[PDB]
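Trainee: Quick one: structure below, then a few questions.
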Amino acid sequence: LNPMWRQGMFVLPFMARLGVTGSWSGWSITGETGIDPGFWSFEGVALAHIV
Amino acid sequence: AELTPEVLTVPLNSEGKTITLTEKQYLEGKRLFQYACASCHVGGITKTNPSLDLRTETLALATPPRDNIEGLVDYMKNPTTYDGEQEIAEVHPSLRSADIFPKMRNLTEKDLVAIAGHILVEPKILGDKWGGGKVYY
Amino acid sequence: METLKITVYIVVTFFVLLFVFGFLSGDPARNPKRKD
Amino acid sequence: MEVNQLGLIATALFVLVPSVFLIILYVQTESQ
Amino acid sequence: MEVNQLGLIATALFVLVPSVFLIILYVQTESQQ
Amino acid sequence: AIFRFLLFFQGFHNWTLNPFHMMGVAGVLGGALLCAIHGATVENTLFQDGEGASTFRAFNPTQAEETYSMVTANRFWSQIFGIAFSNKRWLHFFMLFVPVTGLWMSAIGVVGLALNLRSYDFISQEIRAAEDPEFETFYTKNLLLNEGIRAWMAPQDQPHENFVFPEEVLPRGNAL
Amino acid sequence: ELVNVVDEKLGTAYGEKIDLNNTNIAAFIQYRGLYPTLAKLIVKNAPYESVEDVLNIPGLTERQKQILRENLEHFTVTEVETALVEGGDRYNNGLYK
Amino acid sequence: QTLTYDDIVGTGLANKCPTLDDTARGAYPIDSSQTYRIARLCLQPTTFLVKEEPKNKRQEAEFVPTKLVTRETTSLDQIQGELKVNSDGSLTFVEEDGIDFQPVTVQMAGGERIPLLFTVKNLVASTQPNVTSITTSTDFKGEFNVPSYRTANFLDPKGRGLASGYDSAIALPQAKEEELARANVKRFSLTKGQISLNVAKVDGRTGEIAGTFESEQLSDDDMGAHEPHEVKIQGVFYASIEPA
Amino acid sequence: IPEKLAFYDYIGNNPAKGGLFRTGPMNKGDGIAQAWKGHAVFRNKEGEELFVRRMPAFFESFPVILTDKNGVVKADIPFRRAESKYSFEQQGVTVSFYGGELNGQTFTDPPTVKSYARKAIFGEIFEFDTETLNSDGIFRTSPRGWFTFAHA
Amino acid sequence: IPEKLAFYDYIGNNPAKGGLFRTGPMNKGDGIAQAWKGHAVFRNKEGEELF
Amino acid sequence: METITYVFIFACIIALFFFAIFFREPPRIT
Amino acid sequence: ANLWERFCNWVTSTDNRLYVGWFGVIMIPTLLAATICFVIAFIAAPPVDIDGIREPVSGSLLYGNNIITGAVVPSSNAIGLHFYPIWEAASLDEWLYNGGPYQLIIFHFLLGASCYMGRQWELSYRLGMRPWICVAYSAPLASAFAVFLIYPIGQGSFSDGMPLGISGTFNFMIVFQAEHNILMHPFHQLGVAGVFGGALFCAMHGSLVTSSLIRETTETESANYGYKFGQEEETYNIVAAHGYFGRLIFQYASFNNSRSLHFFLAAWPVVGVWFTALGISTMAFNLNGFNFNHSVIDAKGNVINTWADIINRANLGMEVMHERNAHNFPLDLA
Ligand SMILES: CCCCCCCCCCCCCCCCCC(=O)OC[C@H](CO[C@@H]1O[C@H](CO[C@H]2O[C@H](CO)[C@H](O)[C@H](O)[C@H]2O)[C@H](O)[C@H](O)[C@H]1O)OC(=O)CCCCCCCCCCCCCCCCC
Ligand code: CLA
Ligand code: CLA
Ligand code: CLA
Ligand SMILES: CC(C)=CCC/C(C)=C/CC/C(C)=C/CC/C(C)=C/CC/C(C)=C/CC/C(C)=C/CC/C(C)=C/CC/C(C)=C/CC/C(C)=C/CC1=CC(=O)C(C)=C(C)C1=O
Ligand SMILES: CC(C)=CCC/C(C)=C/CC/C(C)=C\CC/C(C)=C/CC/C(C)=C/CC/C(C)=C/CC/C(C)=C/CC/C(C)=C\CC/C(C)=C/CC1=CC(=O)C(C)=C(C)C1=O
Ligand SMILES: CCCCCCCCCCCCCCCC(=O)OC[C@H](COP(=O)(O)OC[C@@H](O)CO)OC(=O)CCCCCCCCCCCCCCC
Ligand code: HEC
Ligand code: OEX
Ligand SMILES: [Cl-]
Ligand SMILES: [Cl-]
Ligand SMILES: [Fe+2]
């Protein structure tokens, strides 16, 4: 009932569209808790663009 | 104010008899208290057991009452717990235990009177401060 | 974590060796007056 | 009136930033 | 956090107004020489 | 007595949180740094003007020539720190400016404290902390320190107020 | 509804006598003969339904009963309060001097 | 063979309950005449599960996994107590004493720290009737007390407490107090927990037993500030029995 | 007693109670005063009249101590409870109001009585609207204060 | 009927219901959706169902 | 918003560092 | 022309915009590591259990801090002086809770700062300079060692080292005053004298030189343009400056030797700061400030309070309140 598109997320769905789904804090946008996304998490993608 | 004979007059025993210390006695008892006792009893408290202090009111409720020269002299020779039930020479400095508390070795009978007298005089001078702890520093 | 530890050990050793061998490579001589 | 709080800053900056840009270009044209 | 909402325009103008004044003065110096 | 004044201003005025005090601190420390760094620089870019190992002798107060190399000093600092002075006049004016400005700033803060116009609190922190007993910052921790100081020092330091605080009212952490 | 139970307990006999079910052990130094031996025994054998229950503590010498008897009038009992008895707080409540 | 202090120290082995060999599948007989005690009971947790909050109607939450952030400080050990024989052949262990609590903080996905007092305080656990032997299928089931994670002297970061501290938000002198009541008035929860010990190994010679445990308790409520979470704990245990 | 006179006898109107970055009108802090609640009179269980020691301007916070006409402490709100002697509960402190909104009312339940005691350290007790300006409860200085600061 | 599916049958999630200067997330308008209240069936006095 | 402001100002100073070092007015002897 | 000799020649090159050098081979990485971890932690680290009591302290902007209150929080008292690199944690989540970043930052920074001092010697040598600027910098550097390493060693824990925060700095110095009465310690007194005097002498020297600049410009231009970079003549008149200052006090209280004067400028603050660094470093071993508590008594034995007793009252209020849930026993021995 509170998906990303209700929350004004614009780039989150572009990361999700191609496979990035989880966060370093351990949640996934699919609702799965406890995933280990690796480096290529939302946070790691952002960091890479900054670098 | 000054160190008059009234302040220097303290109970000798439970029966109510008294004794008037000289100033020399008082000063000598203070020094011997620093030498032998203050490492735990600075200010009239007890660092290793703060529930028991050297205020006259606490000593009066001790068994054998210790609010007097005789009570205190005896305590320094054969200390008991507050209710009198067990002797504690093994963990409290006393003449009985000068083997393991060597500062007590060189203490004469009149030294003990001086120590005892200082303990009884000091709350008359400092009041609440004596045995009150940091709150009164 | 062990991979990370390995990496730091190797990174650190590498830099410490640069430092030691750097200063053993005739450092007194790298000045603008009397080189020896 | 329960207006949008960021409206103030959006308006302020909307004015300030382009105006300052024109003032910079104008003042340095004059001094050459 | 429940901060003063004007703290932001206070901060923005505090940076912006004096900075712009220095920038103006420097650019017109450079195009003198 | 002055030490006591410093401690008063912490417990009562929270003076360390005052941005006018903070600029003063930067001025005093900035001046001390300038002092040590300028003296050191001059002494370590001296021209060899004499044969002796005491370099002091090799100065004449009437000589027209600079006694140290501003150019070597400028290269040194440009390469150690990235920027360096190039103008001896600006350098020395900066040394005047920094500690003088710092002290003027703190004077202003003290004027505010004449009125108890303190930089005591951050309102946003207190609102959250009041509502959220797990929120803790170094800011909240220092105010508890300030509160210890006020209650423990005021009876003796303000005798004319006849403050009597019984033991049970003194704020105290555990055991201590 | 939200009340501080320890404040609330100060408004009971606890606030005026030695409560055998709740009061920290250093309060037994206020009367003679009680500390440490009897005070130890009282605390270990709490709770009590009556102040007179203390005298049925298995093992009292007749001297100890007479000390308790003397002192009954300085004693009270109230319901055990978890906040005062958890944590070992009846032996050390973090107050020293 | 056994280890010295200097062998253990720094290894993490101090936080681990003793194991039994996998050959230890005997049985320990009970003489309803004799009396017994547990001389050492050791609970070592391996897993911490928290129930989530599912927001919508009749979905009911799941137990999700968590990350331990407080390190090897989790085990209960040196617990001792009566092991009783009841009229009906059941055994009841009554906890007398021991190191029967450890504060633990685990973290949930999303960053939320969840602290809890992992405990078996006042544990009374009973077996089935007609035991007469502790075997590799004996189960203990019981319940224990979970006192408040902080005790009454604990002062919050604005100095408010139960047995000590301020009784108001002193930094908001003229604020409305009603909204602050939940945070200004500390209370001291005391809740029950539930545990199952499943014996899987038994050394009939030495009295030692070992198995698996699962317990269920509430987390910290910060002296009434917020609602607790439900917590599930899994691990291994070891006990030593003795004729008393 | 006119409400206006009573409102001067209240520390929230004291210009030395503000802060440098506590901005805006005094109403934004304690709120908009609506009414005098009345004059609070504290008595202990023995019927002695007790007096709240007033907060001096220097103190951001201040304890709650009650004194008799002689200055002898007879009640307080304790920090450490374990060894307290002067709690409102132990001393049976009550509060009665004369004048104002609460004239003729007596409160006996300790937490309500402590509540008014915490306000009496500020002097006379008032009712404030805090919703209208979303007042945060923290004292601000007056124009007397801001003018002096600026001009000095 | 799963909540997810019902939530799609709601005009508040139709992207053609907004406005150019109505800013932010959809949750700043109708709110953060919490639950399906259920499917409402309207009847008249004669028991006939109305839509 | 306050977090963004703080980090923005910090970022601006770091960028200023870069220009003051690498794009300074070069000191030229006389 | 050998590959290693080429690298060595780039390392020590005097033609690099920033000098690298051998000390810099260590300094660049370790300062980069410290700086990057600090920036990220100050912005986004979660709360850290500094005193080991499971009482986490929020220090970062994202968890409700501002610039003044934020800090990278010292590592947990539970760790003491144990080494807590990342690879010793079960997870980064754990390392964050216990204060690992603080250890990473301070150890890299101390190394990098130590190499900073060496780099100052090193370029001085390559440029044909005298060597001792790095000796001046040893005063600040020793001071950082004191509050980040020495004091934690003596007290047994990095949880009592200075926080990397503005308000944490203040917490540190308040609690230092209650546990050590630093104000009454003569080495702190000398540091105040080095720092007040340094500012004084900074102002003096800058105003005296500025007072005696030789007219080289008009009223309508900054006098700064009267000095040109690398001119050989002095730009002020030190004999005019000596003549003013020696009449302001008396003649022999004024320098007429520029070399002595600038040496004095260097010596005074450097040495007062050495002592204050030494002050922190010896209070690390609990040789505390002077104690005049109850030193004055009257003929009866009443205490007569002095301002030292008033200080003590303040110190007590700091002692009894700090780390308010962390002490179970009556003496705060470390
Ligand atoms: C200024 C000019 C100077 C010029 C210099 C030129 C510039 C050079 C560019 C440098 C830029 C530096 C950028 C550093 C960013 C740090 C990234 C970080 O720390 O990110 C690290 C991430 C963080 O991981 C996640 O970290 C998370 C941390 O959570 C925390 O963080 C969350 C916020 O994200 C929430 O707050 C959450 O609640 C909180 O707990 C969780 O713990 C996850 O479990 C965990 O996966 O790790 C990972 O997954 C990724 C990597 C780990 C893989 C594990 C294998 C071991 C790794 C070996 C690699 C060593 C490096 C090689 C050296 C090479 C030498 C040739
Ligand atoms: C890093 C630590 C640090 C630093 C550098 C400073 C720096 C400063 N502090 Mg802060 N301070 C700090 C920490 C620090 N403080 C802390 C932790 C506290 C506790 C809250 C305080 C509390 C504090 C207070 C309470 C005050 C300061 C003040 C000051 C300023 C003093 C200015 C000065 O030189 O006065 C020295 C005095 C003068 C310059 C006045 C005139 C002196 C004349 C010329 C004397 C001439 C004497 C003559 C020669 C004869 C003497 C002879 C005799 C000695 C024998 C300065 C900005 C003061 C301030 O801000 O004032 C505006 C102030 O009142 N500070
Ligand atoms: C003598 C000047 C003066 C005085 C005493 C007042 C006093 C007052 N005004 Mg008024 N006002 C004034 C001038 C003045 N005003 C001017 C000139 C304007 C036009 C901008 C206004 C606009 C105005 C408005 C819009 C409002 C007031 C309001 C108020 C009240 C509360 C103000 C407050 O919160 O202050 C807060 C004060 C501060 C936060 C202190 C600022 C300190 C600055 C930041 C220091 C700068 C330091 C500097 C950088 C130093 C470094 C330099 C160095 C490096 C060289 C108070 C009665 C308010 C009110 O209640 O109205 C009904 C309100 O809403 N005033
Ligand atoms: C491809 C462009 C794009 C798109 C589609 C979005 C889309 C979105 N953003 Mg994002 N965003 C973008 C670029 C974009 N963003 C950029 C570049 C930034 C940095 C400034 C942001 C910063 C940002 C933030 C900070 C936030 C969003 C949020 C959102 C959501 C709400 C948008 C809203 O209310 O707009 C409202 C749109 C308007 C009011 C329209 C402005 C157009 C006016 C008419 C100006 C043009 C007039 C022009 C000057 C005329 C000149 C005439 C002259 C030539 C003659 C939405 C999903 C919000 C959200 O929900 O976050 C989760 C939010 O908080 N965005
Ligand atoms: C990521 C996030 C957000 C991080 C946040 C981190 C954080 C905590 C940051 C907070 C920052 C913070 C708020 C700082 C507060 C600072 C503050 C109080 C500001 C003070 C402002 C103010 C104006 C104060 C008034 C006093 C004042 C004017 C002080 C100025 C001090 C100052 C700049 C002094 C100089 C310092 C300095 C290093 C000088 C070097 C000079 C120099 C290169 C000398 C070398 C040199 C010497 C020679 O002799 C010669 C011959 C030559 C040639 C030569 O070169
Ligand atoms: C009725 C009855 C009974 C009453 C009678 C009472 C009575 C008669 C009273 C009246 C008394 C009377 C009539 C008057 C006479 C009184 C009398 C003469 C009293 C003396 C007054 C007095 C207190 C004076 C104050 C003394 C004072 C504070 C001086 C201190 C000196 C001092 C410590 C100075 C520091 C100097 C120092 C070493 C260096 C300065 C720093 C320095 C590095 C400067 C930089 C610098 C220096 C240079 O040099 C040059 C070149 C340059 C470039 C440069 O950078
Ligand atoms: C490996 C080494 C890495 C070192 C990196 C350090 C780089 C940072 C140094 C400062 C760069 C910016 C200086 C710009 C300004 C700058 O370009 O000044 C350049 C200026 C040049 O002086 P000149 O004498 O050439 O100029 C005189 C004439 O212009 C007269 O008009 O130098 C001075 O003024 C230096 C003294 C003030 C310098 C104080 C700077 C230190 C302050 C640091 C502030 C930190 C706040 C941090 C908050 C987050
Ligand atoms: C120097 C010779 C002295 C003297 C004259 C006294 N002490 Fe001590 N003291 C210590 C402890 C732990 C206790 C409590 C013992 C117990 O009851 O368990 C005491 C008690 C006393 C008392 C009785 C106080 C009372 O209220 O009855 C007296 C009169 C007394 N002491 C005198 C601890 C220490 C020390 C720690 C090593 C040392 C040293 C001393 N005491 C020294 C002395
Ligand atoms: O940690 Mn920081 O602080 Ca140096 O003492 Mn002990 O410990 Mn804690 O207490 Mn006081
Ligand atoms: Cl603290
Ligand atoms: Cl402790
Ligand atoms: Fe100079």
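Residue numbering for chain L follows Swiss-Prot; the residues present correspond to positions 11-344, in that order.
Keep in mind that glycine also has a Cβ here, set from the backbone N, Cα and C atoms.
According to Swiss-Prot, the protein has these features:
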{"type": "BINDING", "residues": "L:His118", "note": "chlorophyll a ChlzD1 binding site"}
{"type": "BINDING", "residues": "L:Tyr126, L:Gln130, L:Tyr147", "note": "pheophytin a binding site"}
{"type": "BINDING", "residues": "L:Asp170, L:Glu189, L:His332, L:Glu333, L:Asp342, L:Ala344", "note": "[CaMn4O5] cluster binding site"}
{"type": "BINDING", "residues": "L:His198", "note": "chlorophyll a PD1 binding site"}
{"type": "BINDING", "residues": "L:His215, L:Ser264, L:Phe265", "note": "quinone binding site"}
{"type": "BINDING", "residues": "L:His215, L:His272", "note": "Fe cation binding site"}
{"type": "SITE", "residues": "L:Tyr161", "note": "site 'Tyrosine radical intermediate'"}
{"type": "SITE", "residues": "L:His190", "note": "site 'Stabilizes free radical intermediate'"}
{"type": "TOPO_DOM", "residues": "L:54-110", "note": "topological domain 'Lumenal'"}
{"type": "TOPO_DOM", "residues": "L:133-142", "note": "topological domain 'Cytoplasmic'"}
{"type": "TOPO_DOM", "residues": "L:164-191", "note": "topological domain 'Lumenal'"}
{"type": "TOPO_DOM", "residues": "L:218-272", "note": "topological domain 'Cytoplasmic'"}
{"type": "TOPO_DOM", "residues": "L:296-344", "note": "topological domain 'Lumenal'"}
{"type": "TRANSMEM", "residues": "L:32-53", "note": "transmembrane segment"}
{"type": "TRANSMEM", "residues": "L:111-132", "note": "transmembrane segment"}
{"type": "TRANSMEM", "residues": "L:143-163", "note": "transmembrane segment"}
{"type": "TRANSMEM", "residues": "L:192-217", "note": "transmembrane segment"}
{"type": "TRANSMEM", "residues": "L:273-295", "note": "transmembrane segment"}
Trainee: Which listed range (L:32-53, L:143-163, L:192-217) shows the maximal number of Cβ pairs under 8 Å with respect to the transmembrane segment (L:111-132)?
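Mentor: Comparing L:32-53, L:143-163, L:192-217 against the transmembrane segment (L:111-132), the winner is L:32-53.
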Trainee: Who sits close to L:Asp342 ([CaMn4O5] cluster binding site): which same-chain residues at least 6 apart have their Cβ under 8 Å from its Cβ?
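Mentor: Non-local contacts for L:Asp342 ([CaMn4O5] cluster binding site): L:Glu189, L:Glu329.
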Trainee: Say you check the Cα of L:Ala344 ([CaMn4O5] cluster binding site) against those of the binding-site residues L:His215, L:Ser264, L:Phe265; which is nearest?
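Mentor: Ranked by Cα distance from L:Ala344 ([CaMn4O5] cluster binding site), first place goes to L:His215.
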Trainee: Sort out the residues at least 6 away from either end of the transmembrane segment (L:143-163), same chain, that have Cβ-Cβ distances under 8 Å to it, and list them.
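Mentor: Distal contacts: 91, 116, 119-120, 123-124, 126-128, 130-131, 134, 169-172, 182, 276, 279-281, 283-284, 286-288, 290-291, 293-294.
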Trainee: At a C-beta cut-off of under 8 Å, are there same-chain residues at least 6 beyond the transmembrane segment (L:32-53) that contact it? List them, or none.
Mentor: 21-22, 69-72, 80-82, 111, 114-116, 118-119, 121-123, 125-126, 128-129, 131-132, 174
Trainee: Do any residues of this chain, six or more beyond the ends of the topological domain 'Lumenal' (L:164-191), have a C-beta under 8 angstroms from a C-beta of it, and if so which?
Mentor: 48, 52, 60-62, 69, 77-87, 89-91, 109, 112-113, 115-116, 157-158, 290, 293-296, 298-301, 321, 325-326, 328-329, 332-333, 342, 344
Trainee: Summarise the topological domain 'Lumenal' (L:164-191) as counts of helix, strand and coil residues per DSSP.
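Mentor: Once the DSSP states are binned, the topological domain 'Lumenal' (L:164-191) shows 20 helix, 2 strand, 6 coil.
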Trainee: Could you tell me the C-alpha distance between L:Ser264 (quinone binding site) and L:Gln130 (pheophytin a binding site) in angstrom, no decimals?
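Mentor: Distance between the two Cα atoms comes out at 31 Å.
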Trainee: Note down the number of other Cβ atoms within 10 Å of the Cβ of L:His215 (quinone binding site), including every protein chain shown.
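Mentor: That number is 23.
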Trainee: Within 8 Å of the centroid of the Cβ atoms of L:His215, L:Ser264, L:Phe265, which other residues of that chain place their own Cβ, given that this set defines the recorded quinone site?
Mentor: L:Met214, L:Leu218, L:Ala251, L:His252, L:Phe255, L:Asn266, L:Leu271, L:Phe274
Trainee: Beyond the listed site residues L:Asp170, L:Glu189, L:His332, L:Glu333, L:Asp342, L:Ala344, identify every same-chain residue whose Cβ lies within 8 Å of the center of their Cβ atoms for the [CaMn4O5] cluster site.
Mentor: L:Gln165, L:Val185, L:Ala336
Trainee: Work out how many Å separate L:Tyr147 (pheophytin a binding site) and L:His198 (chlorophyll a PD1 binding site) at their Cα atoms, rounded off.
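Mentor: Approximately 19 Å lies between the Cα of L:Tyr147 (pheophytin a binding site) and that of L:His198 (chlorophyll a PD1 binding site).
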Trainee: Using C-alpha positions only, work out which of the binding-site residues L:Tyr126, L:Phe265, L:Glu333 is nearest to L:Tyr161 (site 'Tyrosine radical intermediate').
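Mentor: It is L:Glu333, whose Cα lies nearest.
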Trainee: Cβ neighbours within 10 Å, counted over all protein chains: which one of the recorded positions L:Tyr126, L:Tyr147, L:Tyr161, L:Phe265 has the most?
Mentor: L:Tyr161
